[PDB]
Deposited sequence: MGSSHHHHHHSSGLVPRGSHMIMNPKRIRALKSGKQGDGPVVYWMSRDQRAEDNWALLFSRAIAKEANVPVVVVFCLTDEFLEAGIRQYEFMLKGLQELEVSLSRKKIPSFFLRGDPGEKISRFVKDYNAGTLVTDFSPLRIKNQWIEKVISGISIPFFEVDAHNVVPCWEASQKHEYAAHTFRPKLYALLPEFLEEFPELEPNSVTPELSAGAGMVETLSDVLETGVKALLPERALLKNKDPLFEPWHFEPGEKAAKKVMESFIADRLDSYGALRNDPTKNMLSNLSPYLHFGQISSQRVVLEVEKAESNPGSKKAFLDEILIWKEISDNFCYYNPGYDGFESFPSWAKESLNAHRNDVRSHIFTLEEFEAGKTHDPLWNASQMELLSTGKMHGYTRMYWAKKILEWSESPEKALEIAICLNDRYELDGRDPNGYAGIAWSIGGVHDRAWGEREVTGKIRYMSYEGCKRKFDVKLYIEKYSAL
């Protein structure tokens, strides 16, 4: 129980009621430093621990696909927490009102939340701070090394973040203690889902035949389903991961991102299990570079760059290059709706958008190709960022995520990249040509599957 995982958000006066874990990013009962820390605080105070989750007003900015995935997982989570004699309360509203009122109504003694570097979570925290007088902590339960510990600043390249992160892995990569149950026991989610689906339905993604686009059987939600996906990745896909991770015709990725995004599985758990696996060397190195270095540098990016979703956060070499080509004539301009419908003149791009539309998880390789063409076929880099973020957040199961803003910023603005050869329109941003993908994998097979 390393105290470097927890820090104070606001001092206060400790009450004598239960310890409240405001769960947000880490929707799981196992392998959860925020829940474990909350339980430990409760034990020292001779009080029970309680979990609260905010069903916020912002769900209408995404789709049924993410709402159902999240809420079905929370239904499973209710059962698991109740087995530990830990009650869970699901508050309909936004956190500033709901958390403050709950703290008062339930005589909470201490408030704890998990860590997200996203603007909306920081918006939420500000309102909560103004409505409570009890101590308020946050625990990094999402990263192996706490984000504010891995580095003191924005890291401009993987190769400057990687040695700092790896220097800290011996301390922070460790097993989880078991969650001790509470000593004694202190509108349903199905109805909430019903109400939300009703409100979301007019905006549901449909084919011209009015049949829905989304296929919900590619990733079953919840902690138990996530563990099976991790186990099948290690048993069946990890050996080939190094060779096949850049081939979107092969189903050889871990497929863990939807579970990692909602915190239905701990990435620390995944890393421990992968470290212990005997697998092809090269493959384990490649996978750990993604789930450790690239995932946690995305939290580094959002945490230390307030404007992480804007042009101003790009590196200076990229801002200069993009500005110098701002007035170049674009080969094409597509509207947000033309991008959304997969109606560019590039069949590889359109197939990547159809994979996103139908499965809610675009292959990692084509996400890079996809975002870079939005830069190439939009009026400005600012508009490209707007369009890519809109589509990523609306349709990825793993979207609205530091990985997303960081991966889009890499794609369009060269964040965590270097300058490449100068081209018109896109400047020195790394280019990914259609013909280059053809030399890389079977583009025709990918197009057939998603068309």
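What the model leaves out of the deposited chain are the segments 1 to 22, 209 to 217, 483 to 484.
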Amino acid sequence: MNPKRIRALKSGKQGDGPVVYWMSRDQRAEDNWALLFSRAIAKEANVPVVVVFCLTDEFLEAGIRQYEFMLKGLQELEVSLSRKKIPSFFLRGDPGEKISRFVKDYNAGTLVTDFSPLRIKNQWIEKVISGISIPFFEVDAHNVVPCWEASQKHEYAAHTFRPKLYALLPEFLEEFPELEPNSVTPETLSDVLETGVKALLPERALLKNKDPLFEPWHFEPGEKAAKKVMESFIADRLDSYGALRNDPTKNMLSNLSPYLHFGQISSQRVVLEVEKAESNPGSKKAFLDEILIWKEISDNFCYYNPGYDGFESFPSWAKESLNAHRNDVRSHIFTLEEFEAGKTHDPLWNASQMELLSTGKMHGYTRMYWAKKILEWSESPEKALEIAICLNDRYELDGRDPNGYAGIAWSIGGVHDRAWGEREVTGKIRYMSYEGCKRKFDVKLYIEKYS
From here on, numbers count along this sequence of modelled residues.
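Legend: mean Cα B-factor per stretch from the PDB entry, 286 to 294 versus 197 to 205; the higher mean is in 197 to 205.
Checked against the record, the higher mean CA B factor of 367 to 375 and 342 to 350 lies with 342 to 350. Highest CA B-factor among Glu355, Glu337, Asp309, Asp114, as stated in the entry: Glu337. The PDB entry assigns its highest CA temperature factor, among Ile387, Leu36, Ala45, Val52, to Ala45. Split the chain's modelled residues into thirds by C-alpha temperature factor. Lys250 is in the highest one.
Sort the modelled residues of the chain by CA B factor and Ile99 lands in the highest third. Ranked against the other modelled residues of its chain, the C-alpha B-factor of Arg439 as given in the entry falls in the highest third. Ranked within its chain, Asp417 lands in the middle third, by CA B factor from the PDB record. In the PDB entry, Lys10 places in the highest third of its chain by CA B-factor.
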